[PDB]
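Have a look at the structure below, then the notes.
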């Protein structure tokens, strides 16, 4: 089916307790990059766009340093405009803060 015919998930079993961190990103970082990218990519697709990713940067930034939220949105909007997958969002947002 191409169009949205409704009734995907009615009973919302929202399991925020799955991977406990080993030598990796911790509770604060795990929650903010998973829960923002999964809020825009809900059913399991791949890429989030600059409209959705700018709303993701407003919720994730809060209070930041200087060239962080404007630098991510203007640097991936370049060759075929702005599209981001989860490997880009995880590596660029964790290495710029941690």
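We read in the header that solution NMR was used to get this structure.
Heads up, the Cβ atoms here are built off N, Cα and C, so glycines get one too.
Taking Cβ pairs closer than 8 Å, the region 'Disordered' (1-30) reaches residues 43, 90, 94, 97-98 in its own chain, all 6 or more past its ends. The region 'Disordered' feature in Swiss-Prot is assigned to 1-30.
What Swiss-Prot records for 2-25 is region 'Required for self-assembly'.
Residues or ranges marked as phosphoserine in Swiss-Prot: 20. Packing around residue 20 (phosphoserine) is summarised by its Cβ count: 7 other Cβ atoms lie within 10 angstroms of its Cβ, all protein chains included. DSSP assigns residue 20 (phosphoserine) to coil in the three-state reduction, outside any helix or strand.
According to Swiss-Prot, the feature phosphothreonine maps to 26, an assignment based on a large-scale study or a structure entry. In this chain, none of the residues that are 6 or more apart from residue 26 (phosphothreonine) has a CB less than 8 Å from its CB.
Per Swiss-Prot, Ca(2+) 1 binding site is recorded for 41, 43, 45, 47, 52, and the stated evidence type is sequence analysis. Around the Cβ of residue 43 (Ca(2+) 1 binding site), 6 further Cβ atoms fall within 10 Å across all displayed protein chains.
The helix, strand and coil residue counts that DSSP assigns across the region 'Required for self-assembly' (2-25) are 0 helix, 0 strand, 24 coil. The number of other Cβ atoms within 10 Å of the Cβ belonging to residue 47 (Ca(2+) 1 binding site), over all protein chains shown, comes to 15.
With a 10 A radius on its CB, residue 45 (Ca(2+) 1 binding site) counts 9 other CB atoms from all the protein chains.
It is 25 Å from the Cα atom of residue 45 (Ca(2+) 1 binding site) to that of residue 20 (phosphoserine). Cα distances from residue 20 (phosphoserine) to the binding-site residues 41, 47, 52 are smallest for 41.
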